[PDB]
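# no sequence on this one, just coordinates:
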Ligand SMILES: COc1ccc2nc(O[C@@H]3C[C@H]4C(=O)N[C@]5(C(=O)NS(=O)(=O)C6(C)CC6)C[C@H]5/C=C\CCCCC[C@H](NC(=O)OC(C)(C)C)C(=O)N4C3)c(C(F)(F)F)nc2c1
Ligand SMILES: [Zn+2]
């Protein structure tokens, strides 16, 4: 028992900048500092924006602030704490059935508003800051207007699908792949997050 290890914290390592006319990824922490911050859980970096790039020791993905909660996928974060200036922060929501977790949104983040538009013309934001049009096809599915190899979507779970007005419609969960080409995506609808809240 004496040598039983602790899994580290999720760490914010960058963000997707949507504040201007041009979407772009920004790295805010390199690999070595990420490893150190995962073990201590103490991240003194200033957080900005709605979409964070996050990492564990073994995986990197996205997390999205909606109504004061930073949300991501359970298949990325598990039950992990997130690093913050005051130390590790415990999840406030965990739902494996939805592939969903959330923590209180970091000080300095900005939150998206849940969409009430009832629109089916959506936009997926990836970890490379690509803004991909997606037609909504059901409660939890949308089609890519321009299909792409799954390589282009890998690492973007936890990112948002947005409506034309920039509201949050859902959280990207899984790619529907045929022969390595993503023609559609599965997402956690924001209504599911609102109920969890
Ligand atoms: C115990 O609790 C659990 C444990 C494990 C779970 N594993 C789950 O699925 C896994 C992970 C998820 C994935 O790869 N996600 C993305 C990503 O980027 N992840 S990632 O950031 O790289 C990351 C791995 C986090 C670092 C957006 C994808 C981008 C590219 C696709 C790559 C090819 C994979 C295609 C596959 N497609 C699929 O399964 O499609 C159907 C329709 C569902 C069958 C798919 O997408 N995935 C398979 C799910 C889910 F299914 F709910 F998602 N729940 C879980 C609950
Ligand atoms: Zn909307």
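Happy to help now that I have it. Residues are numbered from 1 along each chain as shown. Ligands and ions are numbered 1, 2, ... in the order given.

# could you list the domains of this structure?
What curated CATH domains lists as the domains of the chain is 11-104, 121-196.

# need the residues of the chain near ligand 2, please.
Contacts of the chain with ligand 2, taken as C-beta under 5 Å from the ion, map to 115, 117, 163, 165, 167. Backbone N, C-alpha and C define where each C-beta goes, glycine included.

# where is the longest helix in this protein?
Criterion DSSP state H: the longest helix present in the chain is helix 31-40.

# which among the residues of the chain next to ligand 2 count as buried?
Burial by neighbour count, judged by 16 or more other C-beta atoms under 10 Å, picks out 115, 163, 167 from those.

# the first one contacts residue 163, correct?
Right, residue 115. Yes - the pair residue 115 and residue 163 qualifies as a contact (C-beta atoms under 8 Å) at a distance of 4.5 Å.

# could you say what helices and strands the lengthiest strand in the chain packs with?
In the chain, with assignment by DSSP state E, the single longest strand is strand 168-178. Under the contact criterion of 3 or more C-beta pairs under 8 Å, 6 or more residues apart in numbering; DSSP states H and E, strand 168-178 touches strand 60-66, strand 69-73, strand 160-162, strand 181-189, helix 190-196.

# how does it look with 6 Å?
strand 160-162, strand 181-189, helix 190-196 (3 or more C-beta pairs under 6 Å, 6 or more residues apart in numbering; DSSP states H and E).

# dump the residue contacts of the closest residue to residue 162 other than its chain neighbours.
The shortest distance from residue 162 to any residue other than its chain neighbours is 4.7 Å, reached at residue 123 (C-beta to C-beta, 6 or more residues apart in numbering). Taking C-beta atoms under 6 Å, 6 or more residues apart in numbering, we find residue 123 in contact with 131, 133, 162.
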